[PDB]
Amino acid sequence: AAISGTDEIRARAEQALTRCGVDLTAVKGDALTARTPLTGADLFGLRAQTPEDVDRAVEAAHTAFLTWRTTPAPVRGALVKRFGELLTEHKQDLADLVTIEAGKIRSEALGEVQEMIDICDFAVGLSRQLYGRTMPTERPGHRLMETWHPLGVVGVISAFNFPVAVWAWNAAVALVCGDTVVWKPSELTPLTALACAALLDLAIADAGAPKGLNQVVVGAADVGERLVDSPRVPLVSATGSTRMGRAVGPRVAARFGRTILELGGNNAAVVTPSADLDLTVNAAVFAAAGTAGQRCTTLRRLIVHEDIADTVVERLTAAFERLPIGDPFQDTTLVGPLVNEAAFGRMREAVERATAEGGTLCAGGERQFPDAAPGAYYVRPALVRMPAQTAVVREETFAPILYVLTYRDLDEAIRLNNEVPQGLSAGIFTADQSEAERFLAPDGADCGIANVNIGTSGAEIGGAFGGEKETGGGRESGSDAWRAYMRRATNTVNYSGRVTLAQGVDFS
């Protein structure tokens, strides 16, 4: 294959950075090296933050918060509108960085940037809503209401695979809610975040807003840990592996803070006897192989009825063999590279484990064109037929592997969907009205997202996004997910000039 050169990738990144307003001389250094999975090569070195720098960032965000929180929410919304426009103006530059750092294909990178723009627009809406309630009180001559107030500094820790959209869900919402933001991006994807931050900084200057509303702290897990421990950060939104949940969640809880946890997924689709197989095959392929199986919403388990299981595996086999793998800057490419060597190693280990546990590799799994970029890990998605939901099937391997399991009764398909520790998304493919409803019912699929005739990535801005069980319970983006960024007050107002006298005794 023909893969973009490291020199040209580097020059495209520097151009995209300077066009988004980044000062390259100010951000360059030698504490952390930016990289690209397209070739595996280093791009250039960057300054990183000390743990002392995190605390200085928190103090700056908190100082800004004290002004932002009495700035009227619709004025705060004017800022987010302005940022949305700058994102629109620089959509292709930002997308190039997403492709360069995350390795996702160009169309998906553009879609991730559009997601940021769409949440800005939604947040501008929210800025005139953030609804509490007015309600009756049992007390004569009193009034009762419930109000919502800005919480404070929000710590946002994000992953490599959606390096701009996850932050955008949190920042757009947090900013209209009157919060400020300290962002600790993945050590794998710092360039996207610097570009994001400079665009928002321009928005801040144009809008006359306070300077410290958003702050980026570049570094590894230790910088995240200091952010997590801060007594001035009442909400940490953390996205990453299920592993992280056991560290972050209890730590924040121990200091009486709040978390939004968006952890791993292990998403299944059920394919029933009446499923439209052309539709099912297209949906399953795109959800399993898309982003080189590196979405939290990636399709990893296909629970197929035994009467159609052979036809389904045959058709998925043929499709997997035809998937075009390549440079994610080429429009013909559908599957770009895995993020690094370790990711390839873990994929290979899961597949070896699955065969040891009684599985059969049906298609895929081989590394593609290793000599064309020996530092990069381009792999064909693996399709693995399994005789039961064994150990490896229940673990999230962050790579494109689709395990196929069979069932007969719908309640067993539901059981198999729910048996895993993760709880993000689930889908059912069926022409049958009652089966679709049974899958979505209280005793149906147990996930945060449960869909009919669309796959495990079927989600959108207006929906609250997140999962149950070991996916951590958090919600972002749509519906009333904004409530996690604000504090509720219940207010009783007496206008009668009287209080109930205990026992009829009076101290006037």
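Numbering starts at 1 and runs along the sequence shown.
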Would you say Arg243 is missing from a third or more of the other compared entries?
yes
With B-factors read from the PDB entry, the higher C-alpha mean of 131 to 139 and 215 to 223 is in 215 to 223
Higher of the two mean Cα B-factors (141 to 149, 253 to 261; per PDB record) comes from 253 to 261
One of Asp179, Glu101, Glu435, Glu306 has the largest Cα B-factor in the entry, namely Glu306
Entry record, C-alpha B-factors for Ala73, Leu279, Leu334, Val164; the maximum is at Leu334
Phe286: CA temperature factor from the record, placed by chain third, in the middle
Chain thirds by Cα B factor, record data; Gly458 belongs to the middle
By the entry's values, the third containing the CA B factor of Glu112 is the lowest
The third of the chain into which the C-alpha temperature factor of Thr355 falls is the middle
In terms of its chain's C-alpha B-factors, the third that includes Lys184 is the middle
